[PDB]
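Bear in mind that the values in this text are calculations on the coordinates, not laboratory data. Quick reminder, even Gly has a Cβ in these numbers, built from the backbone with ideal geometry, and neighbours come from all protein chains shown.
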Amino acid sequence: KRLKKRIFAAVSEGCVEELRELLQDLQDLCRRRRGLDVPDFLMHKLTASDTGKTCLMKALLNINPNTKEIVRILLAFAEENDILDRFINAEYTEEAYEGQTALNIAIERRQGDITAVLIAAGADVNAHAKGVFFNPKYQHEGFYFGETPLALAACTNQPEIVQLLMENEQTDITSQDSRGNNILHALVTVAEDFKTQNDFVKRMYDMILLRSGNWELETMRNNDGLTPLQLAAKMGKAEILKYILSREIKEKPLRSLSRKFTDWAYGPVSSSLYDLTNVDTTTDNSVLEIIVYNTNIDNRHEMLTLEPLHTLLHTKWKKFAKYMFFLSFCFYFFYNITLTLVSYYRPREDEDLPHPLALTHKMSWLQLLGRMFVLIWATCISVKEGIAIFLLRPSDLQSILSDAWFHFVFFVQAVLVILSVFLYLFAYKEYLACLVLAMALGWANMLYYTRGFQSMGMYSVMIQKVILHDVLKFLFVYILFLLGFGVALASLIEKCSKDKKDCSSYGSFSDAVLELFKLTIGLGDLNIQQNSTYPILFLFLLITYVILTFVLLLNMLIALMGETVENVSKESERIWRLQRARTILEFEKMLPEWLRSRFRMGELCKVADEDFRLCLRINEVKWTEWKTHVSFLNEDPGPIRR
Amino acid sequence: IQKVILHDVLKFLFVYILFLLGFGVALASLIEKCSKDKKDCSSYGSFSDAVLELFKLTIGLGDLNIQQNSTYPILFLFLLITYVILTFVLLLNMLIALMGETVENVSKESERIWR
Amino acid sequence: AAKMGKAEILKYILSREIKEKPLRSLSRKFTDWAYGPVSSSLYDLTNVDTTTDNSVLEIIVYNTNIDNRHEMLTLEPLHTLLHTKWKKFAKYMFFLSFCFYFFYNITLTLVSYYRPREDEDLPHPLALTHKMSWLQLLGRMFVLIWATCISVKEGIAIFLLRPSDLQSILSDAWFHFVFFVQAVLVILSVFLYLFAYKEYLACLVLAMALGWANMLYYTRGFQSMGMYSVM
Amino acid sequence: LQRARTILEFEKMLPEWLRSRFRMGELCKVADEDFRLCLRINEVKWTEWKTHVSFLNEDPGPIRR
């Protein structure tokens, strides 16, 4: 039993000749077995049976400059007893580390010279690491690299080892993970949002697709059923989407895997084509649908900045979304005018105003139009906006100053006009009292229509901002002194100075605060005349309320001025442009009937005789680094007709 | 002065009308078929009576429409105070939107136009 | 190094990794793992936590004469430890002492709102009813108990702190006065009421307003709001 | 800073049952005096990969034993 433990720390410290002695003494203990299973005898001596850790893993946790001598001796001993393949590919039977091999930990400690020895040993390069260290609580003890030694080499900046592991022919790339990930799902889920964090994931995801792999890499679905790029969309990874979605390949033999297409080259001016297969909303689960309809992403405004996304939203604005907007504005605008035209009441006089709205059995063909006209849209919104509540489970009002909260507030207005007439047929006395609440909320609904005017649309965002993030700061302090100084006035007005008995009619403490409410508005009451006990003290109390309010308004400004010269001028545009993008796709899902007027550019040539390949998009570039050009498709043409 | 009127006031005015015409509805129904008192002297209208008395809140009247009231007339001022604070935010956002990196632009943009 | 407010020399003395064999026992950081990018590390924490007398985190908070004190609590084996004691002890002990003080200031005000709305003279600031009103039996005792409790509590903070009273005027240890003023005057109300020197309410209302002015101290803990109350 | 003055006043308020402080359980220092001093965990990240001979335990996780 001491032989197993003495041989560990000799290796972990790196005792050279002491290792050779206990090796030779183990050879004496080899022949102690009569000729029986010398393989299975050494599996208990060279490996602790508790964790399954061999003697070679403890050799590879620690490292000193003896280790290169240590490894070549201990592997030669594994050669001389013919157990090498079971030995070099041994793992941990422990549940925490089911799959940690010696090749895995060698790449972690970044020893490429030892790495070539273990490949010369013929270790299993296709090993998996399905241990507990996934950890769905990712912010500790995780590092989900995707279980494979290649991606572990790919993740932790070991490109020479990646170049080494690629050249071995028994090295899979097409392997999958417990989450269904390939290797090139795994690089996406590591690449953090630090701009050029000596950035390499953009460089090494380059270095795998360009080394090998045809189009049978990026169509593989995981357990979620996603591409690399669909996974690149949902996780909000910014900069790795920029490489995957531009990707010019200025070579001959493998530019079929590219993503950009330079069409012309006429010196400075140059028309270029972007690929657009799984990007436009034309299939299920398109990546532009993923970006808009998602929470959990802070740099989403940088996601829609990239050119084969930004121009496509601007295209669908100019042909579909702008025209479908102002009609649904004006139809909602007439809906809110005509409902108000009940309360303006052009006849100005009848018996009782005996209805919220009703059709006239005798005359008033104009009133025959309008009372039907409000009732139809009232049904139309409830049919429409009940579905948006019915679909969206997680994203309701988490971002309070976002959308999918006005879908509630549209729905409240459409119910109450129906609930008006539903009350009017049963006559529960609350005819108007439900109606007027609907009529005011209809005008409050009009803030949602304040988009599309880029001057105005920036202004409406901060009105939602100040009310729900700064007013409630101000209001809870303003109540706190209101309820403070009102006490010192109510005791004056009740059991003290004033005059003979007064006409209160609601209360006494409430009388003071109501007369102190109006100081923000103006009354200048004769409570100063309804006074004694030096009534100058009343105004010296009352003036010290006003100045104390005036500071509370000033601090609200300055706290809203917290580096506001750059933030809220960018923060509003960050919300507003996104809030436009949610409107557009709702219209793009509204009529899936005749999409003859989308943009496709007519599936131009890819590489091979499969010219009519995929539907594209044109952008145009400019000066600054002239060069020669062999990359194009067509012999410097123009808007060719043929 | 030419800048603010034709590029920022019309932003502010179209939102200011939008709540003016909003909260005036909730006051006009109070003043017509509800609480107030016995019959009043309107002389122009009823919905227009509310908005005209709600116009002056930006100016000052402090009318006896609070006395021309019932149905817990504290609710009238709690309606009316929530108009004033709602206006006060609309003036604040107009400032901050005009403060959009304004420390360098409009001090240069005016000189750009004026010269 | 704590008391003199020396910033950067505290950063070396309190991280201090020693990547050697023979003398890393004098180190102050301890790297526990190394798994490529992710790495869990251990910080030493002997004379730092409040577990002995004169701990260095006690020195930093309770001190004047330091301008870069906000940079002192920025360092990681201090900042995370305050955030730890917030999440397990300080947050829960705060909102109860908020709500207990909040009911203390509502119930005192409920004398002046005066739900009966009419009696002979309002003949008392607060008094227990010998006949009825079990609800009034609760509240009048309830104000008087905390009134004793604050004076026992906040008299000690005046009794301890000699130098740092209101030197930084916009700092704490000045509200410990203003809590104490309110607790005296409610006692001084009834102490006046038994001797009948005509100033029953006139001392009471000054206590009742200052109780609401005391509520600014409770405006911490909401990081949005707590920045606003300082200015 | 004004938060930090509140917290220690509560930490001095009930010195009665401080069973629920943080200590991490006096992990190994260097020598056979393993149970040495009570500690605190923080976690670090990318940017300058290197080899490592500095650690204490054989790349474990939330170890149970």
Given 4 °C and 1.567 mPa s, compute D for chain C with the Stokes-Einstein relation, Rh being the Kirkwood radius over Cα pairs; round to the nearest whole µm²/s. 59 µm²/s
Give the peptides A:588-596, A:449-457 in descending order of average Cβ contacts within 10 Å, highest first. A:449-457, A:588-596
Listed pairs A:518/B:56; A:4/A:58; A:498/A:518; A:234/C:87; A:570/B:11 exceeding 22 Å between Cα atoms: A:234/C:87
Is there a simple number for the mean count of other chain Cβ atoms within 10 Å of the Cβ of residues in B:4-14, and what is it? 2
Mind checking which of A:361, A:342, A:324 is farthest towards the positive end of the range A:313-378's charge dipole, using Cβ charges of +1 (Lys, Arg) and -1 (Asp, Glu) about the Cα centre? A:324
So if I place +1 on the C-beta of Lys and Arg and -1 on the C-beta of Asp and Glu, and nothing else carries charge, what would the dipole magnitude of chain B be about its Cα centre? I want it in debye, nearest 20. 120 debye
Across peptide A:455-461, what mean number of C-beta atoms from other chains lies inside 10 Å of a residue's C-beta? 5
Would you tally the net charge around residue B:106, using a Cβ to Cβ cut-off of less than 15 Å, leaving residue B:106 out, and scoring K and R as +1, D and E as -1? -1
I need the shape label for chain B. Rule: rounded when a/c is under 1.5, else prolate if a/b > b/c, else oblate, with a, b, c from the alpha carbon gyration tensor. prolate
Can you give the Kirkwood hydrodynamic radius of the range A:188-293 from its Cα pairs, in Å with one decimal? 15.2 Å
Determine the dipole magnitude for chain A: charges of +1 sit on the beta-carbon of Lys and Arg, -1 on that of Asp and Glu, nothing else is charged, the reference point is the Cα centre, and the result goes in debye to the nearest 20. 1240 debye
Cα-only Debye scattering, the range B:36-78: base-10 log of I(q)/I(0) at q = 0.28, 0.29, 0.31 Å⁻¹: -1.22, -1.25, -1.27
How tilted is helix A:536-560 with respect to the longest principal axis of chain A? Cα atoms for both, answer in degrees (0 to 90, nearest 10). 40 degrees
Across bins of 10 angstrom width beginning at 0, how are the C-alpha pair distances of the range C:112-229 distributed, in whole percent? 11, 34, 32, 16, 6, 0
Coordinate range along principal axes, alpha carbons of the range C:90-147, Å, largest first: 47, 20, 16
From Cα pairs below 8 angstrom and at least 6 apart in sequence, can you work out the relative contact order of chain A, rounded to a whole percent? 11 percent
So for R0 = 30 Å, FRET eff. of residue A:328-residue A:398 from the Cβ-Cβ r, to 0.05, ends up at 0.70
Stretch gain in nm, segment residue A:636-residue A:310, where the contour uses 0.36 nm per residue and the Cα spacing is subtracted: 114.7 nm
From other protein chains only, count the Cβ atoms within 10 Å of every residue's Cβ in A:348-354, then give the mean. 1
Per the 1/(1 + (r/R0)^6) rule, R0 = 45 Å and r from the Cβ atoms of residue A:298 and residue B:81, FRET efficiency to 0.05 is 0.75
Mind jotting down the distance between the C-alpha centroids of the range A:383-442 and the range C:139-215, whole Å? 50 Å
Taking the range A:223-347, how much of its Cα-Cα pair set, in percent, is spaced more than 19 angstrom apart? 63 percent
How large is Rg over Rh for the range A:514-612, taking Rg from the Cα atoms and Rh as the Kirkwood inverse mean of 1/r across Cα pairs? 1.51
Per the charge dipole of the range C:95-197 (beta-carbon charges, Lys/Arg positive, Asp/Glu negative, Cα centre), the residue among C:151, C:123, C:184 reaching farthest to the positive end is C:151
Cα-based Rg and Dmax for the range A:370-471, where Dmax is the largest Cα-Cα distance (Å): 15.7, 48
Under a cut-off of 14 Å between alpha-carbon atoms, report the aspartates and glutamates in cross-link reach of residue A:318, not counting same-chain residues fewer than 8 places apart. A:588
Spin-label point model (7 Å from Cα, Cβ direction): what's the residue A:48 to residue A:388 distance in nm? 6.1 nm
For chain C, what is the relative contact order in percent, using Cα pairs closer than 8 Å and at least 6 residues apart in sequence? 13 percent
Contour excess over end-to-end distance, with Cα ends at residue C:59 and residue C:12 and 0.36 nm allotted per residue: 15.1 nm
Of all alpha-carbon pairs in chain A, indicate the percentage at a distance above 36 angstrom. 63 percent
Percent of alpha carbon pairs in the range D:2-65 separated by more than 15 Å? 74 percent
May I ask you to work out the translational diffusion coefficient for the range A:460-587 at 20 °C, viscosity 1.002 mPa s, via Stokes-Einstein with Rh from the Kirkwood sum over Cα pairs, reported in whole µm²/s? 120 µm²/s
Extension length gain for residue C:102 and residue C:25 (0.36 nm per residue less Cα distance), in nm, is 22.5 nm
Over chain B: helical MRE at 222 nm, DSSP H runs n ≥ 4 each giving -39500 (n - 2.57), nearest 500: -19500 deg cm²/dmol
Label-point gap, in nm, between residue C:164 and residue A:251 - each point 7 angstrom along Cα→Cβ: 6.7 nm
In order through the range B:18-32: 3J(HN,Hα) via Karplus (6.51 cos²θ - 1.76 cosθ + 1.60), integer Hz, x for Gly, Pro: 5, 8, 3, 6, x, 6, x, 5, 5, 8, 5, 6, 5, 7, 10
Can you return the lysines within cross-link range of residue D:50? Criterion is Cα-Cα under 19 Å, with same-chain partners fewer than 8 residues away left out. A:68, C:19, C:21, C:29
